[PDB]
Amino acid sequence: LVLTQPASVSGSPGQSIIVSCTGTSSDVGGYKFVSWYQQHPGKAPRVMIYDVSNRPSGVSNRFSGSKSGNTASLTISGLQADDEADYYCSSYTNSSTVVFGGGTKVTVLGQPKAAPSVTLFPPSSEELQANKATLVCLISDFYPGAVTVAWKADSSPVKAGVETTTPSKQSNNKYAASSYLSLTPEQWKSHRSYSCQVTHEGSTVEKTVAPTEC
């Protein structure tokens, strides 16, 4: 059984937002044993609220919890960029089990926009000596976290052998992304230039590398 949470909740800094969690009278509506957990990427969950509204020591008072009927709610006040995370509700059940909600991704909108810095790495000599070639286009310090990546050989579009990551949150609350263009050494030697094009919020930045750059 999955408790029903909104897939996404967004707010601006200083705004107050609410994550809901709806169960039945056999779980959320049957007991006061509802908890709320915060999970940042790559980390274990951290309890923010337990027993509907009790806050553990060390949790900021901006987080509070309530419950009515079959629906519990986590209210986050004074929204900050570091509150960006997945939030899960948990509940005891009439089967004496614990069930989790599906999770809600909390994102902070309206932070200052940032243009992406882009670095394009050509194939290293060691990889070429291993008979492979990887162009690595790394994109850093942009906000909002949405970019488009295009690859050009000379001036011709390329799609074969391209893999791009979903933007990940850095440590400074900006975003970063990675894109890889896989080539054989012969294809790398065979062209005059190679270009990575990153578009972000109407802006376009382009970086170029060439095999004859030495």
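Sequential numbering from 1, following the sequence displayed.
Two stretches are in play, 97 to 105 and 130 to 138, and the higher mean C-alpha B-factor belongs to 130 to 138.
For the pair 143 to 151 and 66 to 74, the record assigns the higher mean C-alpha temperature factor to 143 to 151. When the C-alpha B factors of 46, 55, 159, 32 are read from the deposited coordinates, the top value falls at 159. Sort the chain's modelled residues by C-alpha temperature factor and residue 124 lands in the middle third, per the entry. In the deposited entry, the Cα temperature factor of residue 193 sits in the top third of values across the chain's modelled residues. For residue 61, the recorded CA B-factor ranks within the middle third of the chain. Only modelled residues enter the ranking.
Among the modelled residues of the chain, residue 163 sits in the middle third by CA temperature factor in this PDB entry.
Residue 25 sits in the middle third of its chain by CA B factor, as recorded in the PDB entry.
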